[PDB]
Amino acid sequence: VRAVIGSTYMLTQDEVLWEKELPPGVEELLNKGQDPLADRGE
Amino acid sequence: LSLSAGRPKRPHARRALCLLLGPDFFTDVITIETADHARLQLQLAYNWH
């Protein structure tokens with residue numbers, strides 16, 4: 001499993017999409033960190 | 001910018017997309033106490049830039 005990044009891409013033969021799984025609570029911190037201002041305040 | 005505003009300047013009471021950098025003032029209410037143990041509050045104004 002690798003990460004293809006950049007141009008548009010067509011998965012060739014023998015390629016399938018791999019899901020990346022995250023530890024509990026990291027996913028709630030990824031999206032809040034776009035503007036976590038008032039949270040950072042208190 | 002999450003900034004402070006209010007009477008006694010509570011924090012995070014204002015949101016700003018720009019930084020005000022011109023000559024201006026903001027006022028605050030400050031409660032102090034003298035060496036005679038008499039408590040008395042103040043009203044100030046801080047001209048800044």
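Table for the structure above
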{"quantity": "Pick from the stretch B:2-17, criterion of a type in the set (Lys, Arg) and more than 10 Å from chain A (Cβ to nearest Cβ), ranking: farthest from the chain's Cα centre (by Cα)", "calculated": "B:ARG14"}
{"quantity": "Residue that is assigned to a strand (DSSP E or B) and among the hydrophobic types (A, V, I, L, M, F, W, C), where the choices are B:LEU17, B:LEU40", "calculated": "B:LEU40"}
{"quantity": "So A:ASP39, is it surrounded by 10 or more Cβ atoms within 10 Å (Cβ to Cβ), touching a helix residue (DSSP H, G or I) at 6+ places or on another chain (Cβ under 7 Å) and either under 30 Å from B:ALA13 (Cα atoms) or more than 14 Å from chain B (Cβ to nearest Cβ) (or both)", "calculated": "yes"}
{"quantity": "Residues within the stretch B:11-34 that are within 20 Å of B:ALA45 (Cα to Cα), aliphatic (A, V, I, L, M) and either surrounded by 10 or more Cβ atoms within 10 Å (Cβ to Cβ) or without any contact (Cβ under 8 Å) to a residue 12 or more places away in the chain (or both), tallied", "calculated": "5"}
{"quantity": "Unmet requirement for A:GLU27, which otherwise passes all of (1) closer than 30 Å to B:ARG14 by Cα; (2) of a type outside the set (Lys, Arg); (3) loosely packed, with under 10 Cβ neighbours inside 10 Å", "calculated": "(3)"}
{"quantity": "Conditions (1) closer than 30 Å to A:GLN34 by Cβ; (2) part of a strand (DSSP E or B); (3) touching a residue at least 24 places away in the same chain (Cβ under 8 Å); number of the one not met by B:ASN47", "calculated": "(1)"}
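Laboratory data are not the source of any read-out in this text; all were calculated from the coordinates shown. Note that each Cβ is placed from the backbone with ideal geometry, even for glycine, and that neighbours are counted across all protein chains shown.
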